[PDB]
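Just below is one structure, and these are the notes that go with it.
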Amino acid sequence: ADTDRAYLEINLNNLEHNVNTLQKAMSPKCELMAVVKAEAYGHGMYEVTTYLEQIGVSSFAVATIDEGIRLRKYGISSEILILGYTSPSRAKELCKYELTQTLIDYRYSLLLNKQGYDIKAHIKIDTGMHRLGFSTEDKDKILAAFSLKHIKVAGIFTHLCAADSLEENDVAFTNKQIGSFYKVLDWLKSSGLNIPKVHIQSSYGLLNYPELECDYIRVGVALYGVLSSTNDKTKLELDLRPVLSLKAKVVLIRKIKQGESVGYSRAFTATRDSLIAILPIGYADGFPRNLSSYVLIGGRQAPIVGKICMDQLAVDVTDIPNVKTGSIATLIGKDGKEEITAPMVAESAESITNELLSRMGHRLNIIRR
Amino acid sequence: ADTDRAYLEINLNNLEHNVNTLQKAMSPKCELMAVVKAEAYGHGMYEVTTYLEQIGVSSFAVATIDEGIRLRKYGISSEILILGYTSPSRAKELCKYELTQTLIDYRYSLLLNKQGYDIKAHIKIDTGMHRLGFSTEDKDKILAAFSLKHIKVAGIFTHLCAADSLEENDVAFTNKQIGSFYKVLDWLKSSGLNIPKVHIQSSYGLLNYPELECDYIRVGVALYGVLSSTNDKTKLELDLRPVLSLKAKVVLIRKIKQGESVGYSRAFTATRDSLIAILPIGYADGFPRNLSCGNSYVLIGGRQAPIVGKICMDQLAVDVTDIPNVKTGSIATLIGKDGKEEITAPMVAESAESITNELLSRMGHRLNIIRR
Ligand SMILES: [Cl-]
Ligand SMILES: [Cl-]
Ligand SMILES: [Cl-]
Ligand SMILES: [Cl-]
């Protein structure tokens, strides 16, 4: 029904496994804050978060207030951190929906407080990224943010720039961020302040800097069982299992003669008489065009032929037995002994895993496995 | 509220201008078939299609039955053609929602007929694209499709591979596609068949093969006032105006000391003391990550602000060192006009090493859509 054309399959057993692996890898006092922004990295925000809350995960991060509001509507009662700027004009909603707001700088905190609504917040410290956050130099402003009447600071955090790299430049830069971050905490304590919940790590924060002990780890990619690049060399090597697979049903099969093409592409000319299968998936569904690469059918590799179109693409099934309309093609996922992983696809599309997954088309039905 | 973060702005006046400009280039009896698949090429299917019907467009094409059903729920009452496969198991919905189905091949046609539901259809003929459609060889299967009890064939059509190209080889292939198509029609006629409505052209079919005489033209990119690339000299040169703008409001301004980076990516090291504006739009919103590191700029206060560092999932950074009129809340134009400056969808698509169709159809679902 949802499985007639193209669809995403999410393996909740794999997600559940990942949650447990991640939790086990963390310090006992550290909690999993599941990053579910942009439709849970394309995995489906309702599907993922309701299930996560159901198996014990009790902390979430989203990009925007509307994301966070969606979660509340879904029934999510765990705490939720909005990672981005929310306009102060929506302070009543931060209050009503009990959404935890990131304080991006002192001015913003001031304007947010001025709105007059009691709001839970985490303060972001810019430790080198130079996007959002209070600077490590402006310690009086950071401290001042703790004495705002309507702003209940429940946490303090930063974001690492190059935790996914073991290059000495990136290591020194990562340590510099970690170091200046804890110097902020030292300074605050020196001024009598009690430190709230601390978080520093994303996925590669855990993977390459497991010696860190914070109150949460913000897990995105690792939670979904994928790596950012194919075969990375992390300190930890966790048994993470891919949650997402992408499938499409063959809708038509045709013969083309030797010397013919598909879509009249300069790139493809049949070297023999060939059998072509049509799959109802294209770039509008988030399968990248510049892969104009194979799919798996019957555990076999069927090369994509011709350019990828908006709503469909073609594959060569000449060498593959028992292919008919209704046969399931695997664009991302396992098929018997063969596997096409998300990072593999991202890589050949000259992209990273995060972009490929988070840009899965809204048109794709999502179903449980 | 819908303008607080990042949003698309749809110029309905420009869209209406396009509809008129396009109809003018058409034969009087030829009807505009507005192609509104993939959220109307990212423009917002609800916004665009209701307005199109309001201004008198009476024919729509979608990619899937679920798009077609959505149109019906939006109050669309005009005919709708589903261009791609629809599971025969949903023949009841095709019937109930009065959707017209593309016959993608003979076997499909038979199977849909056997469902027992009265369904309107257009038969597709493969004339060289070699994706969907009945082959030109199998003349008898085509004629047989005109004798199915529950399928009423109301049209017959094909797609041109390269109508957008005026190169020798390409023009030749297009002409043989057209020739093959009418050969089928002649053969059908000879078999005592009265031909239904015909359509062969998409946007470039109209622009580059205007001499064709059909009952519909399926207009996609032209309707949205963008041409898939820049800048082909088409046979007709129509006055088409861009419908879509992409906008985002600055959420922070940061001083960057000379020597410092943004996001530590060696992609950017300031050569001077700089001002950086942070925009709450990223690649998850459909703004392609390969636009990173100066591969595009945005418009702020009518001036160009180059993108600095890598584009993130939900945010990016631009250089406003030379634009004093930038504050929290300032509108950045990523696609569209500002002051006397313009950054068009085709320019952005070229920068992204892509094409307009892909850039636009892949606009993120998270973006708010506002009519203008
Ligand atoms: Cl940030
Ligand atoms: Cl990290
Ligand atoms: Cl086709
Ligand atoms: Cl065309």
Side-chain angles (χ1 to χ4, degrees), chain A residues 1 4-5 37-39 41-42 63-64 66-67 83-87 89-90 104-105 107-108 126 128-132 161-162 169-170 173 249 251-252 254 256 260-264 276 278 280 283-286 289-290 306 309-312 314 325 350-352 354-355 358-359 361-363, chain B residues 1 4-5 37-39 63-64 66-67 83-87 89-90 104-105 107-108 126 128-132 135 161-162 170 173 251-252 254 256 260-266 276 278 280 282-286 288-290 312-315 317 328 353-355 357-358 361-362 364-366:
Chain A
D4 295 345
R5 296 185 341 114
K37 61 193 189 184
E39 282 300 326
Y41 283 42
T64 70
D66 295 287
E67 290 184 336
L83 294 167
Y85 170 94
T86 299
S87 183
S89 70
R90 303 185 66 175
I104 59 150
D105 77 350
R107 280 273 307 178
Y108 173 72
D126 169 15
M129 182 134 89
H130 300 140
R131 296 176 190 275
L132 310 173
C161 292
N169 272 6
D170 305 314
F173 196 87
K249 303 284 179 71
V251 294
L252 179 155
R254 79 167 53 262
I256 63 179
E260 297 194 321
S261 187
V262 175
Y264 195 64
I276 298 307
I278 304 309
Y283 54 73
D285 300 292
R289 178 179 155 280
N290 69 332
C309 306
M310 207 171 107
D311 309 310
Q312 58 169 316
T325 62
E350 293 177 350
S351 177
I352 60 174
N354 305 52
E355 183 180 22
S358 72
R359 297 183 66 196
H362 187 253
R363 185 157 75 188
Chain B
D4 286 353
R5 175 192 170 255
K37 55 184 189 174
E39 285 296 330
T64 74
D66 302 277
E67 287 176 342
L83 298 170
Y85 166 92
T86 296
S87 183
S89 66
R90 297 185 75 180
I104 62 165
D105 78 355
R107 171 174 308 268
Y108 176 78
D126 167 22
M129 163 142 304
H130 297 155
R131 297 180 192 273
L132 310 163
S135 294
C161 286
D170 288 322
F173 193 88
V251 294
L252 186 71
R254 179 174 302 288
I256 289 315
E260 294 184 339
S261 184
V262 176
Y264 192 59
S265 69
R266 74 296 316 271
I276 288 312
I278 304 298
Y283 54 74
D285 297 284
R289 190 176 180 270
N290 67 10
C312 301
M313 173 161 153
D314 331 284
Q315 67 169 329
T328 292
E353 288 190 326
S354 171
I355 52 160
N357 303 230
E358 176 189 17
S361 71
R362 300 182 59 192
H365 186 247
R366 190 164 63 183

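Lettering of chains follows the sequences in order, A, B, ..., and the numbering in each one begins at 1. Computation of the quantities below employed the complete heavy-atom set of this structure, encompassing side-chain atoms and omitting hydrogens, waters and symmetry-equivalent molecules.
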> Measuring heavy-atom distances to chain A, does B/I278 have an atom under 4.5 Å in its side chain, in its backbone, in both, or in neither?
Replying inline: side chain

> Considering only heavy atoms from C-beta outward, does the side chain of B/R362 approach that of A/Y283 to under 4.5 Å?
Replying inline: yes

> Quick one: what part of A/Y264 sits under 4.5 Å from any heavy atom of chain B, side chain, backbone, both or neither?
Replying inline: both

> Taking only residues two or more places apart in sequence, or in another chain, which ones meet A/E260 in a salt bridge (charged side-chain N to carboxylate O under 4.0 Å, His left out)?
Replying inline: A/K257

> For A/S358 and B/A284, which heavy atoms make the closest approach, and how far apart are they?
Replying inline: OG-CB, 3.9 Å

> Within a strict 4.5 Å, meaning less than it, do heavy atoms of the A/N290 and B/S354 side chains meet?
Replying inline: no

> Quick one: what part of A/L132 sits under 4.5 Å from any heavy atom of chain B, side chain, backbone, both or neither?
Replying inline: both

>> Under 4.5 Å from any heavy atom of chain A, what part of B/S261 do you find: side chain, backbone, both or neither?
In response: backbone

> Using non-hydrogen atoms only, which part of A/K249 is less than 4.5 Å away from chain B: side chain, backbone, both, or neither?
Replying inline: neither

> Relative to chain B, which segment of A/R107 carries a heavy atom at a distance below 4.5 Å: side chain, backbone, both, or neither?
Replying inline: neither

> Any side-chain heavy-atom pair from A/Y41 and B/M313 closer than 4.5 angstrom?
Replying inline: yes

> Can we say A/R363 and B/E67 salt-bridge, meaning some charged N sits less than 4.0 Å from an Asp/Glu carboxylate O?
Replying inline: yes

>> Counting only non-hydrogen atoms closer than 4.5 Å, does B/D4 touch chain A with its backbone (N, CA, C, O), its side chain (CB onward), both, or neither?
In response: side chain

> Is a side-chain donor or acceptor of A/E355 paired with a backbone partner of B/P288 at a separation under 3.5 angstrom?
Replying inline: no

> Of the non-hydrogen atoms in B/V262 and A/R131, which two are nearest, and what is the gap between them?
Replying inline: CG1-CZ, 3.9 Å

> Among B/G263, B/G282, B/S87, which residue forms the greatest number of heavy-atom pairs with chain A at distances under 4.5 Å?
Replying inline: B/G263

> Non-hydrogen atoms of chain B under 4.5 Å away: do they reach the side chain of A/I352, the backbone, both or neither?
Replying inline: side chain

>> Assess whether a salt bridge exists between A/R254 and B/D126, defined as any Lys/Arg side-chain N lying under 4.0 Å from an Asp/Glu carboxylate O.
In response: yes

>> For A/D311, which atoms come within 4.5 Å of any heavy atom of chain B: side chain, backbone, both, or neither?
In response: side chain

> Taking side chain as C-beta onward, heavy atoms only, is B/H130 less than 4.5 Å from A/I276?
Replying inline: no

> Between A/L83, A/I104, A/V251, A/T64, which residue shows the highest count of heavy-atom pairs closer than 4.5 Å to chain B?
Replying inline: A/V251

> Does a side-chain N-to-carboxylate-O contact under 4.0 Å join B/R266 and A/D170?
Replying inline: yes

> Atom CZ of B/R289 and atom CD of A/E350: how far apart are they, to the nearest 0.5 Å?
Replying inline: 12.0 Å

> What part of B/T328 lies closer than 4.5 angstrom to a heavy atom of chain A: side chain, backbone, both or neither?
Replying inline: side chain

